[PDB]
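J.: The structure under discussion is supplied below as C-alpha cells; questions concerning it will follow.
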Amino acid sequence: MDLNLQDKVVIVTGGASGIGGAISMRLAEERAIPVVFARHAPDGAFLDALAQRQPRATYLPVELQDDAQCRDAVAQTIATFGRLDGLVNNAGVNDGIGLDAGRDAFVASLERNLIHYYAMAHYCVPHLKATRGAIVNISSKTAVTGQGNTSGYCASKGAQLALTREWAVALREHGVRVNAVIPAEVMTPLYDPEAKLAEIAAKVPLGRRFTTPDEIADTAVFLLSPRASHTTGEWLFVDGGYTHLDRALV
Amino acid sequence: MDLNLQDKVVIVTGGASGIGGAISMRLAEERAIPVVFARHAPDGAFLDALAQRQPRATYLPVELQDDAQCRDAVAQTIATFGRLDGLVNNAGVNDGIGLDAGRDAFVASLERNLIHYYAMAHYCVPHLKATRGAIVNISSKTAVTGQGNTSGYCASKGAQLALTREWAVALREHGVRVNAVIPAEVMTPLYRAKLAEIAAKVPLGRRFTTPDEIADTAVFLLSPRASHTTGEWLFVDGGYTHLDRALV
Amino acid sequence: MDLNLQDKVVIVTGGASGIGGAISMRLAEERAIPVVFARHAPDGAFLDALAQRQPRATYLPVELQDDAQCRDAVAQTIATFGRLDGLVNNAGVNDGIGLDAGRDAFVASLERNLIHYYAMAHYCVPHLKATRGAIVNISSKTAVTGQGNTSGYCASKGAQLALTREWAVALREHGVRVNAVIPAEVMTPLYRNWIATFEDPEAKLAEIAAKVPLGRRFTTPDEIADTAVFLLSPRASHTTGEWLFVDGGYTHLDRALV
Amino acid sequence: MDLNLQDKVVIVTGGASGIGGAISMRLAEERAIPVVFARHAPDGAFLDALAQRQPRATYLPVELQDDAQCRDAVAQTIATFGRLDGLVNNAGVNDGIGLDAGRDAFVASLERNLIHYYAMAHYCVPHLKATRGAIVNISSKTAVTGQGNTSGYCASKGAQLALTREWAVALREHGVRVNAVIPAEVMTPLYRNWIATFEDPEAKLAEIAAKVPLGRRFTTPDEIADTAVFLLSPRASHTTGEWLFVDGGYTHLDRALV
Ligand SMILES: NC(=O)c1ccc[n+]([C@@H]2O[C@H](COP(=O)([O-])OP(=O)(O)OC[C@H]3O[C@@H](n4cnc5c(N)ncnc54)[C@H](O)[C@@H]3O)[C@@H](O)[C@H]2O)c1
Ligand SMILES: NC(=O)c1ccc[n+]([C@@H]2O[C@H](COP(=O)([O-])OP(=O)(O)OC[C@H]3O[C@@H](n4cnc5c(N)ncnc54)[C@H](O)[C@@H]3O)[C@@H](O)[C@H]2O)c1
Ligand SMILES: NC(=O)c1ccc[n+]([C@@H]2O[C@H](COP(=O)([O-])OP(=O)(O)OC[C@H]3O[C@@H](n4cnc5c(N)ncnc54)[C@H](O)[C@@H]3O)[C@@H](O)[C@H]2O)c1
Ligand SMILES: NC(=O)c1ccc[n+]([C@@H]2O[C@H](COP(=O)([O-])OP(=O)(O)OC[C@H]3O[C@@H](n4cnc5c(N)ncnc54)[C@H](O)[C@@H]3O)[C@@H](O)[C@H]2O)c1
Ligand SMILES: [Cl-]
Ligand SMILES: [Cl-]
Ligand SMILES: [Cl-]
Ligand SMILES: [Cl-]
C-alpha cells in the first residue's frame with residue numbers, strides 16, 4: 001500500500017527512541033523525511049539505520065519545554081526543507097505525580113507532557129496549512145483508564161485527546177487532519193524484574209505480550225498518510241485489547 | 001428518594017451562580033451543607049434563598065488560581081464544620097484561547113480551568129477519605145466534541161475527564177467515589193437569533209439544558225444512592241454529544 | 001429528592017427477581033405503580049412487601065418471547081390504569097452461545113434477550129408518548145467488553161445499547177426519554193445459585209469480586225435500581241440516549257489495578 | 001507500506017459493489033486474493049478490473065440469509081484455495097424498520113444484517129485460526145448515533161460492534177484479530193440509486209454532505225477500504241476489538257460546526 005509520503009517532511013518529537021524512534025524509522029522506510037526533535041542526540045546506530053532508509057533525515061537538539069527552542073527549531077526545519085508536512089507530538093514521561101504532590105509538581109508535569117504538544121502545534125500549524133499536512137498526537141491508555149499515582153501525566157494525556165478533537169475541528173477547512181494513537185504497554189529499552197515484566201505482560205489480552213514500538217508506528221504513519229484521508233479527530237487504540245476487553249479475561 | 005446527604009458538608013467551587021449555584025441550591029434543598037467557594041460575593045437573593053433551605057450554608061471569597069487561598073479556604077471549612085463530605089469542582093470559563101494564541105495564553109487558560117480542579121482535590125482528599133465522601137468534576141461537551149477556537153478550555157475540560165478516571169482509581173480503597181458531569185448548552189449568567197440558532201441544535205426539545213438539570217445529576221452522584229458509581233462521565237446534554245448530527 | 005413518580009405506571013420485565021425486583025420495589029417506594037411482567041409467579045414475600053408499599057402494583061404472567069402475550073399484557077395494563085408512564089426492559093439471560101454454536105442457537109439467544117426489548121418498546125411507546133414517559137433498557141458490560149463464549153447475549157446486549165440511541169432520536173419530539181443502565185457484577189439469589197454449582201463457591205465468589213475496582217465487591221440490585229429509577233424520573237429530564245455504567249469501575253478503570 | 005497480504009485469501013461479503021467492491025479491489029491491488037460472496041453476478045467491468053490485478057480472485061453466488069449457502073460457499077473456498085486468511089463482513093441494507101413495524105419486520109431486518117455476520121464468522125473462524133487470520137466487520141455510525149426510523153438496522157449494526165469485542169476476546173489465544181470499521185456517509189452508486197428518488201436529488205445530496213465536518217463531502221468507498229484492509233494486515237498486529245470510525249468527523253465532532 002503506497003502511503004504517498006515520499007519526500008514529506010515530518011517533525012517527530014522525542015523521535016529518536018522508543019515509540020518516537022519507531023515512528024521516525026517507519027517514515028524513513030516510506031521515504032518520508034523525519035526530522036527528530038529531541039533533548040539528546042540520537043545514538044549512532046539509530047542514525048545509521050535512519051539515514052540508510054532516508055539520507056536526508058535529520059535531528060535537531062530541542063528542549064521542548066523551552067517555547068523559544070520549539071519556535072526556532074520549527075523555523076530551522078523550514079529553512080532547511082522549505083516545507084512541513086506532518087507533526088508527530090510524542091515526547092513525554094510518566095512522572096508519577098499523584099494527588100499528594102501539590103500544585104508545583106502538577107504543573108511541572110503539564111510542562112513535561114501537555115504544554116509542548118500545544119506549543120509545537122502552535123508553531124507548526126501555519127506550515128501544515130500550506131501543505132494540507134497532518135498531525136498525530138501520541139497519548140496513553142492512562143488518559144482513559146487512570147493508573148493511580150499520576151494525576152499530572154494522566155491530565156496531560158487526556159488533554160492531548162481533547163486537543164485532538166479540538167484541532168480536528170479548528171483545521172477542518174484547511175484539510176489538516178489531526179488524530180491520536182493510544183498505546184498501553186510498549187516495550188522499550190527504557191521500560192525481581194523477571195517477575196514484574198511477566199506480571200504486566202500477562203495483563204495484555206492479545207498474546208499476553210507488550211505491544212512493540214513498530215506496531216504503534218505503523219498506525220501512526222498510516223494516520224499521517226492520505227490513506228486516512230477522511231479520518232480526523234479520531235483516537236486509535238493500539239493496545240492488544242488492554243483498554244476495551246473484559247478485565248476478567250486471562 | 002432520600003439521598004442521605006443531610007448535614008453532609010460539600011464544597012462547590014464557582015458555587016454561587018449558573019450551574020454551581022444550582023448545585024449549591026439543590027444541596028441545600030436536600031439538607032446538605034453547601035460551602036460556596038467563589039471569586040465574588042453571591043447576590044443577596046441567592047444567599048437568602050440558600051439560607052432558607054440551609055441556614056448553615058456558607059460562602060467563602062476565594063480566587064481559585066491562588067493555591068494558598070484554596071488551601072486556607074479548605075482549612076477554614078474543616079475548622080468550621082469538622083468534616084468534608086464532598087467536593088464539586090465547577091468553576092471555569094471558556095476563554096477562547098485558540099491555536100494562534102501562544103504559550104502564555106494557553107497556560108493562563110489551564111490556570112483558569114484545569115489547575116484548580118487538581119489543587120482543590122489535593123487539599124480536600126485527606127478529609128474526604130475520613131468521611132468516605134465524593135468528588136464531582138463538572139466538565140464540558142467540548143472536551144470530547146471540540147469547538148474550534150478554544151484549545152485552552154478544551155485541553156482543561158478533557159484533562160478533567162481524565163483526572164476523574166485517575167482519582168477514581170487512586171481513591172478506590174478509601175471508598176471515595178469520583179465522577180464527572182458533562183453539560184453541553186446551559187443558560188447561565190454571562191451566556192445571556194443567536195439564541196435560537198444554538199437552541200435548535202439540542203436534540204431533546206430544541207432547548208437549553210437548565211442549571212437545575214445539571215445539578216440534579218451532580219447531587220445524585222455525590223450521594224450514596226450512587227454508591228457503586230465511580231470514574232464515570234455522565235452526559236446531561238439533551239442528546240447533544242451522542243445523537244445523530246443530522247437530526248432536526 | 002422528589003422524583004415525581006407518584007402514581008406513575010411503569011412496566012418492569014422480569015420485575016420480580018434480582019435487578020428487576022429491586023427496580024419494582026424502588027418504584028413502589030417512590031409511590032410509583034410497578035407492573036411486573038414475568039414468566040414465573042413472584043415470591044409471596046415479594047408480593048406482600050410490594051403491596052405493603054404500593055397496593056395498586058400488579059403482576060401479570062408473561063412469556064416475553066411470545067409476541068401476542070406481550071401485546072395482550074400491555075393491553076391489560078392500559079385497561080387497568082388507562083395510562084403508561086414507563087417501561088423497564090430488564091429480562092434476560094447470559095446463555096453462553098458461542099461462535100461455534102451456529103445459527104439456530106444464536107437466533108434463539110436473540111429471542112431470549114434482544115427481540116422482546118424491541119417487542120415491549122413497540123407495544124409500550126404509543127402509550128408513553130401521551131404521558132411523556134420514559135424507557136430504561138438494562139444491558140450488560142459484556143456489550144462493550146466481550147466475555148468469550150456468549151455471542152448471542154453479547155450481540156443482544158449491544159443491540160440494546162444501539163436501540164437506546166435509536167429510540168432516543170425517534171422519540172425526542174414526544175418528550176419520551178430512553179436510557180440504558182450497564183451493570184457488571186450484581187449479586188442476585190440466581191447468580192448466588194449458579195456460583196453454588198462450583199466446587200468452591202466461596203472461592204468462586206471471591207475470585208469474581210476481586211476484579212471489581214471499587215471495594216472488590218459485587219454491585220447490589222438496589223444500586224442498579226437507584227440509577228434506573230432516577231433515569232425514569234423527570235429529575236433526568238435532559239438525559240436521553242445515554243448509557244449509564246453502574247459497575248464499581250469494572251468497564252473503564254485500569255485492568256492492571258488490584 | 002508492505003501489508004504482507006500477498007496470496008492471502010479473503011472473503012468479502014457484498015464484495016462486488018460500493019464499499020465491499022472497493023475492499024475487494026484494494027485487496028487485489030495488494031496481491032491478496034479476494035473472494036466475493038454476493039447475491040448478484042458482479043459487473044463484467046468489475047470482474048475484468050479485479051482479474052487484471054489478481055487473476056485468482058473469485059466470485060461465488062451466495063444468498064447470505066441462507067445458512068447452508070454460507071456453509072457451502074466457505075467450503076468451496078477452502079476446496080479451491082486450501083486456506084482462509086480473512087473475512088470481511090460487509091453486506092447489509094438500511095431497511096427503515098421503525099418502532100412501529102413490529103416483530104416480523106424487526107426480525108427480518110436482523111436476518112438481512114446481523115445474523116449473516118454471525119453465520120459467516122461461524123463458518124470462517126475454524127479456518128482463520130490455522131492462518132492466524134483476521135476479521136473486519138463493517139458497521140455504521142447509526143449503531144452509536146441512532147437515526148430515527150431504523151430499529152432493525154440500528155440494532156443489527158450495534159450488535160456487530162458488540163460482536164467485534166466478543167470475538168476479539170474469544171479468539172485472542174489463536175492470534176485472530178477482529179475489528180470493525182464505522183462509516184457514516186459513503187457515496188455508492190446504490191446510495192445514488194436511492195437519492196435518485198427525490199424531487200431535487202442534488203439538493204438532497206447537498207443537505208447530507210453539508211453535515212460532514214471534513215470537507216462537507218461524502219467519504220469514498222476507497223477511504224473505507226483502505227482502513228479495512230489495513231486492519232486485515234499484520235501492520236495492525238496488536239489491534240483487536242477496535243471500532244475505527246472513518247467518517248470525516250461525523251460521529252465525534254461538535255454538531256454545531258458548519
Ligand atoms: N511506553 C509505553 O508503554 C507507553 C504507553 C502509553 C503511552 N506512551 C506514550 O508514547 C509516547 C512515547 O514514549 P516512549 O515510551 O517511547 O518514550 P521514551 O522515553 O522511550 O522516548 C521519549 C523520548 O522523548 C524525549 N523527550 C522526552 N521529553 C522531552 C522534552 N521535554 N524535550 C525533548 N525531548 C524529550 C526523551 O528523551 C526520549 O527520547 C509518549 O507520549 C508516551 O506517553 C507510551
Ligand atoms: N453554561 C454552559 O453551557 C456549559 C457548557 C459546558 C460546560 N459547562 C461547565 O459548567 C461549569 C460552570 O460554568 P457556568 O456556565 O455555570 O459558568 P457560570 O459563570 O455563569 O459561573 C461560574 C462561576 O465560577 C466562578 N469562577 C470562575 N472562575 C473562578 C476562579 N478562577 N476563582 C474563583 N471563582 C471563579 C465565577 O465567578 C462564577 O461565579 C464550568 O465548569 C463549565 O465548563 C457549562
Ligand atoms: N446479575 C448481573 O451480574 C448482571 C450483569 C449484567 C447485566 N445484567 C442484566 O440485568 C438484567 C436482569 O438480570 P438479573 O441478573 O436480575 O437476572 P435474574 O435472572 O435474577 O432475573 C431475571 C428475571 O427475568 C425473568 N425472565 C427472564 N426471561 C424471561 C422471559 N422470556 N419472559 C418472562 N420473564 C423472564 C426471569 O424469570 C427472572 O425473573 C438482565 O438484562 C441482565 O442481562 C445482570
Ligand atoms: N453507504 C454508506 O453510506 C454506509 C454507511 C454506513 C455503513 N455502511 C455499511 O457498509 C456496508 C456496505 O454498504 P454499501 O453501501 O457498500 O452497500 P451496497 O448496497 O452498495 O452493496 C451491498 C452489497 O451487498 C450485497 N448484499 C446485500 N445483502 C446481501 C445478501 N443478503 N446476500 C448476498 N449479498 C448481499 C448487495 O447486493 C450489494 O452487492 C454495509 O454493512 C453498510 O451497513 C454504509
Ligand atoms: Cl519495534
Ligand atoms: Cl435551573
Ligand atoms: Cl439490593
Ligand atoms: Cl472510491
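Chain lettering (A, B, ...) mirrors the order of the C-alpha cells, residue numbering begins at 1 for each chain separately, and ligand numbering begins at 1 in order of display.
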Once you count only C-alpha atoms, what closest atom pair and distance in Å to one decimal does each residue of region 44-149 of chain B within 10 Å of region 44-68 of chain A have, with rows by chain and rising residue number, as CSV?
T.:
residue,atom,partner,partner_atom,distance
B:102,CA,A:67,CA,9.3
B:103,CA,A:67,CA,7.3
B:104,CA,A:67,CA,9.7
J.: Only C-alpha atoms, please: the residues just picked out, written as a compact mmCIF listing (two decimals), in the first residue's frame.
T.:
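Saved to selection_18.txt:
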# COMPACT_ATOMS: atom_id res chain seq x y z
CA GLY B 102 0.54 31.09 22.05
CA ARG B 103 2.03 29.52 25.19
CA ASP B 104 1.31 32.21 27.81
J.: Write down as JSON, numbers by chain the residues belonging to region 29-249 of chain D that are assigned helix (DSSP H, G or I) by DSSP computed on the backbone.
T.: {"D": [29, 44, 45, 46, 47, 48, 49, 50, 51, 52, 53, 67, 68, 69, 70, 71, 72, 73, 74, 75, 76, 77, 78, 79, 80, 81, 103, 104, 105, 106, 107, 108, 109, 110, 111, 112, 114, 115, 116, 117, 118, 119, 120, 121, 122, 123, 124, 125, 126, 127, 128, 129, 130, 131, 142, 143, 144, 145, 151, 152, 153, 154, 155, 156, 157, 158, 159, 160, 161, 162, 163, 164, 165, 166, 167, 168, 169, 170, 172, 173, 174, 189, 190, 191, 192, 193, 194, 195, 201, 202, 203, 204, 205, 206, 207, 208, 209, 221, 222, 223, 224, 225, 226, 227, 228, 229, 230, 231, 232, 234, 235, 236]}
J.: Show me which bits of chain A are within 6 Å of chain D, counting only C-alpha atoms, as a PyMOL selection string.
T.: chain A and resi 1-2+172+206+230-232+238+240-241
J.: 8 Å from ligand 3 is the threshold here; counting only C-alpha atoms and all ligand atoms, which polymer residues fall inside it? Answer as a PyMOL selection string.
T.: chain C and resi 13-21+37-40+42+61-65+89-94+112-113+116+137-142+153+157+182-191+219+221
J.: Any idea what's packed within 8 Å of region 120-123 of chain D, counting only C-alpha atoms, ignoring anything in its chain fewer than 5 positions away? Could you give it as a PyMOL selection string?
T.: (chain C and resi 99-102) or (chain D and resi 70-71+74+87+89+135)
J.: Which of region 5-188 of chain C end up as strand (DSSP E or B) when DSSP is run on this backbone - answer as a count of residues only?
T.: 32
J.: Show me which bits of chain B are within 9 Å of chain D, counting only C-alpha atoms, as a list in words.
T.: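 Those within range of chain D come out as residues 141, 142, 144, 145, 146, 147, 148, 198, 201, 240, 241, 242, 243, 244, 245, 246 and 247 of chain B.
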J.: Go ahead and write the residues just picked, C-alpha atoms, as a compact mmCIF listing (two decimals), in the first residue's frame.
T.:
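New file out10.txt:
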# COMPACT_ATOMS: atom_id res chain seq x y z
CA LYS B 141 -19.00 18.55 25.95
CA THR B 142 -16.18 20.48 24.26
CA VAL B 144 -14.92 15.38 23.52
CA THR B 145 -16.55 17.34 20.65
CA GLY B 146 -14.01 20.13 20.18
CA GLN B 147 -15.33 23.58 19.19
CA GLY B 148 -12.78 25.37 17.04
CA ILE B 198 -27.86 27.36 19.32
CA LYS B 201 -29.22 22.10 17.69
CA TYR B 240 -26.01 16.90 22.09
CA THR B 241 -22.91 14.70 22.14
CA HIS B 242 -24.21 11.31 21.10
CA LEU B 243 -27.27 11.67 18.86
CA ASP B 244 -27.11 11.88 15.03
CA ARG B 245 -25.82 15.33 13.96
CA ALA B 246 -28.25 15.19 11.05
CA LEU B 247 -31.43 15.21 13.14
J.: Give the residues close to ligand 5, within 7 Å, counting only C-alpha atoms and all ligand atoms; write them as a PyMOL selection string.
T.: chain A and resi 22+212-215
J.: Using only N, CA, C and O atoms, please write the residues we just selected to a file, as a compact mmCIF listing (two decimals), in the first residue's frame.
T.:
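Here's the written file part14.txt:
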# COMPACT_ATOMS: atom_id res chain seq x y z
N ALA A 22 10.58 4.59 16.51
CA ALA A 22 9.99 3.65 15.56
C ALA A 22 9.18 4.42 14.53
O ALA A 22 9.13 4.04 13.35
N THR A 212 4.74 -3.69 20.40
CA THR A 212 6.07 -3.24 20.01
C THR A 212 5.99 -1.80 19.50
O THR A 212 4.94 -1.37 19.02
N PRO A 213 7.11 -1.06 19.61
CA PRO A 213 7.12 0.31 19.06
C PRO A 213 6.73 0.33 17.58
O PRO A 213 6.04 1.25 17.14
N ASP A 214 7.16 -0.68 16.83
CA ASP A 214 6.78 -0.78 15.42
C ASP A 214 5.27 -0.82 15.19
O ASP A 214 4.76 -0.25 14.23
N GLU A 215 4.54 -1.50 16.08
CA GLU A 215 3.09 -1.59 15.95
C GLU A 215 2.43 -0.22 16.15
O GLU A 215 1.49 0.14 15.44
J.: Please, which residues of chain B lie no more than 9 Å from chain A when the count uses only C-alpha atoms, and can they be set out as a ChimeraX atom specification?
T.: /B:67,98-103,106-107,114-116,118-119,121-123,125,142-152,154-171,231
J.: Got time to write the residues from that selection, N, CA and C atoms, as a compact mmCIF listing (two decimals), in the first residue's frame?
T.:
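File produced: out.txt:
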# COMPACT_ATOMS: atom_id res chain seq x y z
N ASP B 67 -3.22 29.19 44.92
CA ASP B 67 -3.12 27.92 45.63
C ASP B 67 -3.30 28.07 47.14
N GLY B 98 -7.19 29.93 21.23
CA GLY B 98 -7.01 29.01 20.12
C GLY B 98 -5.56 28.67 19.79
N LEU B 99 -5.36 28.09 18.61
CA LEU B 99 -4.04 27.65 18.17
C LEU B 99 -3.04 28.78 17.96
N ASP B 100 -3.54 29.98 17.67
CA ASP B 100 -2.65 31.10 17.38
C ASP B 100 -2.29 31.91 18.62
N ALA B 101 -2.98 31.66 19.73
CA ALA B 101 -2.81 32.49 20.94
C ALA B 101 -1.41 32.42 21.55
N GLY B 102 -0.80 31.24 21.53
CA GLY B 102 0.54 31.09 22.05
C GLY B 102 0.59 30.54 23.47
N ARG B 103 1.80 30.18 23.90
CA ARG B 103 2.03 29.52 25.19
C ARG B 103 1.44 30.22 26.42
N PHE B 106 -2.29 30.05 26.54
CA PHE B 106 -2.71 28.66 26.74
C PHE B 106 -2.59 28.27 28.21
N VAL B 107 -1.45 28.60 28.81
CA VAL B 107 -1.20 28.24 30.20
C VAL B 107 -2.13 29.00 31.14
N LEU B 114 -8.17 24.10 34.58
CA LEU B 114 -7.69 22.78 34.99
C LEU B 114 -7.01 22.77 36.35
N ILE B 115 -6.07 23.69 36.55
CA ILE B 115 -5.14 23.54 37.66
C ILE B 115 -5.82 23.59 39.04
N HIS B 116 -6.86 24.41 39.17
CA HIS B 116 -7.56 24.49 40.46
C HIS B 116 -8.46 23.28 40.75
N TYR B 118 -7.33 20.25 40.26
CA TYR B 118 -6.30 19.49 40.95
C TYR B 118 -5.98 20.05 42.34
N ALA B 119 -5.78 21.37 42.42
CA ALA B 119 -5.44 21.97 43.71
C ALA B 119 -6.53 21.66 44.74
N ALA B 121 -8.71 19.16 44.73
CA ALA B 121 -8.69 17.74 45.07
C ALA B 121 -7.54 17.43 46.03
N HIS B 122 -6.38 18.01 45.73
CA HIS B 122 -5.19 17.86 46.56
C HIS B 122 -5.48 18.18 48.03
N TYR B 123 -6.16 19.29 48.27
CA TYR B 123 -6.42 19.74 49.63
C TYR B 123 -7.63 19.06 50.29
N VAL B 125 -8.94 15.81 49.48
CA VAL B 125 -8.89 14.35 49.54
C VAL B 125 -8.57 13.76 50.93
N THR B 142 -17.32 20.07 25.09
CA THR B 142 -16.18 20.48 24.26
C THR B 142 -14.95 19.57 24.46
N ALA B 143 -14.86 18.96 25.64
CA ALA B 143 -13.77 18.03 25.96
C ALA B 143 -13.72 16.87 24.98
N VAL B 144 -14.88 16.48 24.48
CA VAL B 144 -14.92 15.38 23.52
C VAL B 144 -15.38 15.80 22.11
N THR B 145 -16.08 16.93 21.98
CA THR B 145 -16.55 17.34 20.65
C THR B 145 -15.61 18.33 19.94
N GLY B 146 -14.74 18.98 20.70
CA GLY B 146 -14.01 20.13 20.18
C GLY B 146 -14.97 21.29 19.95
N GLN B 147 -14.47 22.42 19.46
CA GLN B 147 -15.33 23.58 19.19
C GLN B 147 -14.75 24.49 18.12
N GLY B 148 -13.44 24.71 18.15
CA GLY B 148 -12.78 25.37 17.04
C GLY B 148 -11.78 26.46 17.35
N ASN B 149 -11.96 27.15 18.47
CA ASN B 149 -11.02 28.20 18.85
C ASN B 149 -10.84 28.29 20.36
N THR B 150 -10.66 27.14 20.99
CA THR B 150 -10.63 27.10 22.44
C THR B 150 -9.75 25.94 22.93
N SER B 151 -8.54 25.86 22.37
CA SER B 151 -7.54 24.88 22.81
C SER B 151 -7.37 24.87 24.32
N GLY B 152 -7.27 26.05 24.93
CA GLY B 152 -7.02 26.15 26.36
C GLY B 152 -8.10 25.48 27.19
N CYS B 154 -10.62 23.51 26.04
CA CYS B 154 -10.82 22.12 25.63
C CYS B 154 -9.82 21.19 26.33
N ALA B 155 -8.54 21.54 26.26
CA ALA B 155 -7.50 20.79 26.96
C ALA B 155 -7.84 20.63 28.44
N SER B 156 -8.23 21.72 29.08
CA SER B 156 -8.58 21.70 30.50
C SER B 156 -9.74 20.75 30.77
N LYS B 157 -10.80 20.89 29.99
CA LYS B 157 -12.00 20.10 30.21
C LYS B 157 -11.75 18.62 29.97
N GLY B 158 -10.89 18.31 29.01
CA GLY B 158 -10.54 16.93 28.72
C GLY B 158 -9.67 16.36 29.82
N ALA B 159 -8.71 17.15 30.29
CA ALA B 159 -7.88 16.73 31.43
C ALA B 159 -8.74 16.43 32.66
N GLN B 160 -9.83 17.18 32.84
CA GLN B 160 -10.73 16.94 33.97
C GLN B 160 -11.46 15.58 33.89
N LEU B 161 -11.77 15.13 32.68
CA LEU B 161 -12.37 13.81 32.47
C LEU B 161 -11.35 12.73 32.77
N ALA B 162 -10.13 12.94 32.32
CA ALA B 162 -9.05 12.00 32.59
C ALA B 162 -8.80 11.89 34.10
N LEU B 163 -8.77 13.04 34.78
CA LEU B 163 -8.50 13.06 36.22
C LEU B 163 -9.60 12.37 36.98
N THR B 164 -10.81 12.38 36.42
CA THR B 164 -11.95 11.70 37.06
C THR B 164 -11.68 10.19 37.11
N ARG B 165 -11.09 9.67 36.04
CA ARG B 165 -10.73 8.25 35.99
C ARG B 165 -9.55 7.96 36.91
N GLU B 166 -8.54 8.81 36.85
CA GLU B 166 -7.35 8.67 37.69
C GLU B 166 -7.67 8.70 39.19
N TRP B 167 -8.48 9.66 39.60
CA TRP B 167 -8.78 9.80 41.02
C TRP B 167 -9.71 8.69 41.49
N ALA B 168 -10.58 8.21 40.61
CA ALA B 168 -11.42 7.05 40.94
C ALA B 168 -10.55 5.84 41.26
N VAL B 169 -9.52 5.63 40.44
CA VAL B 169 -8.55 4.56 40.70
C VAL B 169 -7.82 4.81 42.01
N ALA B 170 -7.27 6.01 42.14
CA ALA B 170 -6.42 6.36 43.28
C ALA B 170 -7.10 6.16 44.63
N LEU B 171 -8.40 6.44 44.67
CA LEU B 171 -9.16 6.52 45.92
C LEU B 171 -10.11 5.34 46.14
N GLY B 231 -15.63 6.90 38.61
CA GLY B 231 -14.87 7.04 37.38
C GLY B 231 -15.70 7.41 36.18
J.: So what do you get for CA of residue 179 (chain A) versus CA of residue 32 (chain A), distance-wise?
T.: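 Going from CA of residue 179 (chain A) over to CA of residue 32 (chain A) covers 18.6 Å.
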J.: Please provide as a ChimeraX atom specification all residues within 12 Å of residue 34 (chain C), with the sequence filter that same-chain residues fewer than 6 positions apart are discarded (counting only C-alpha atoms).
T.: /C:5-16,20-28,47,50-51,53-60,77,81,84-88,229
J.: Keeping only C-alpha atoms, write those residues as a PDB file, in the first residue's frame.
T.:
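Listed below is the output, result.pdb:
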ATOM      1  CA  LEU C   5     -43.066   9.398  40.134  1.00  0.00           C
ATOM      2  CA  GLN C   6     -46.208   9.287  42.272  1.00  0.00           C
ATOM      3  CA  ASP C   7     -48.893   7.139  40.610  1.00  0.00           C
ATOM      4  CA  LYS C   8     -46.741   6.734  37.508  1.00  0.00           C
ATOM      5  CA  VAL C   9     -47.426   3.351  35.905  1.00  0.00           C
ATOM      6  CA  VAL C  10     -44.223   1.516  34.945  1.00  0.00           C
ATOM      7  CA  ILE C  11     -43.899  -1.953  33.427  1.00  0.00           C
ATOM      8  CA  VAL C  12     -40.807  -3.855  34.613  1.00  0.00           C
ATOM      9  CA  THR C  13     -39.965  -7.001  32.623  1.00  0.00           C
ATOM     10  CA  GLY C  14     -38.500  -9.780  34.750  1.00  0.00           C
ATOM     11  CA  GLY C  15     -39.516  -7.454  37.570  1.00  0.00           C
ATOM     12  CA  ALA C  16     -39.968  -9.876  40.489  1.00  0.00           C
ATOM     13  CA  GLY C  20     -35.865  -6.242  38.126  1.00  0.00           C
ATOM     14  CA  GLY C  21     -37.362  -6.985  41.543  1.00  0.00           C
ATOM     15  CA  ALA C  22     -35.218  -4.263  43.098  1.00  0.00           C
ATOM     16  CA  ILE C  23     -36.414  -1.777  40.474  1.00  0.00           C
ATOM     17  CA  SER C  24     -40.067  -2.717  41.120  1.00  0.00           C
ATOM     18  CA  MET C  25     -39.596  -2.351  44.864  1.00  0.00           C
ATOM     19  CA  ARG C  26     -37.860   1.023  44.474  1.00  0.00           C
ATOM     20  CA  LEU C  27     -40.651   2.214  42.173  1.00  0.00           C
ATOM     21  CA  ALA C  28     -43.210   1.313  44.864  1.00  0.00           C
ATOM     22  CA  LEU C  47     -45.758  -9.653  46.601  1.00  0.00           C
ATOM     23  CA  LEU C  50     -44.690  -4.799  47.187  1.00  0.00           C
ATOM     24  CA  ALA C  51     -48.364  -4.488  48.149  1.00  0.00           C
ATOM     25  CA  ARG C  53     -45.715  -0.133  49.779  1.00  0.00           C
ATOM     26  CA  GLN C  54     -47.998   0.057  46.735  1.00  0.00           C
ATOM     27  CA  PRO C  55     -51.402  -1.703  46.946  1.00  0.00           C
ATOM     28  CA  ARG C  56     -52.036  -0.933  43.255  1.00  0.00           C
ATOM     29  CA  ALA C  57     -48.908  -2.735  41.977  1.00  0.00           C
ATOM     30  CA  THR C  58     -49.748  -5.688  39.731  1.00  0.00           C
ATOM     31  CA  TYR C  59     -48.204  -8.851  38.368  1.00  0.00           C
ATOM     32  CA  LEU C  60     -49.040 -10.425  35.029  1.00  0.00           C
ATOM     33  CA  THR C  77     -52.230  -2.830  31.793  1.00  0.00           C
ATOM     34  CA  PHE C  81     -54.656   2.004  34.608  1.00  0.00           C
ATOM     35  CA  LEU C  84     -48.397   4.041  30.912  1.00  0.00           C
ATOM     36  CA  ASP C  85     -45.536   6.183  32.213  1.00  0.00           C
ATOM     37  CA  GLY C  86     -42.531   3.920  31.995  1.00  0.00           C
ATOM     38  CA  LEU C  87     -41.038   0.747  30.609  1.00  0.00           C
ATOM     39  CA  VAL C  88     -38.046  -1.025  32.096  1.00  0.00           C
ATOM     40  CA  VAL C 229     -35.382   4.803  38.757  1.00  0.00           C
TER      41      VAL C 229
END
J.: Can you tell me which residues surround residue 187 (chain A) at a distance of at most 7 Å, considering only C-alpha atoms, apart from same-chain residues fewer than 3 positions away, and format the answer as a short mmCIF file (atom, residue, chain, number, x, y, z; two decimals) with N, CA, C and O atoms, in the first residue's frame?
T.:
data_model
loop_
_atom_site.label_atom_id
_atom_site.label_comp_id
_atom_site.auth_asym_id
_atom_site.auth_seq_id
_atom_site.Cartn_x
_atom_site.Cartn_y
_atom_site.Cartn_z
N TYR A 191 11.76 1.23 29.46
CA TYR A 191 10.87 0.38 30.24
C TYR A 191 11.56 -0.92 30.63
O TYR A 191 11.72 -1.23 31.82
N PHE A 210 3.74 -7.41 25.41
CA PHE A 210 3.77 -5.98 25.14
C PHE A 210 3.57 -5.70 23.66
O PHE A 210 3.98 -6.49 22.81
N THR A 211 2.97 -4.55 23.37
CA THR A 211 2.93 -4.01 22.02
C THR A 211 4.35 -3.60 21.67
O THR A 211 5.12 -3.21 22.56
N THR A 212 4.74 -3.69 20.40
CA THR A 212 6.07 -3.24 20.01
C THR A 212 5.99 -1.80 19.50
O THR A 212 4.94 -1.37 19.02
#
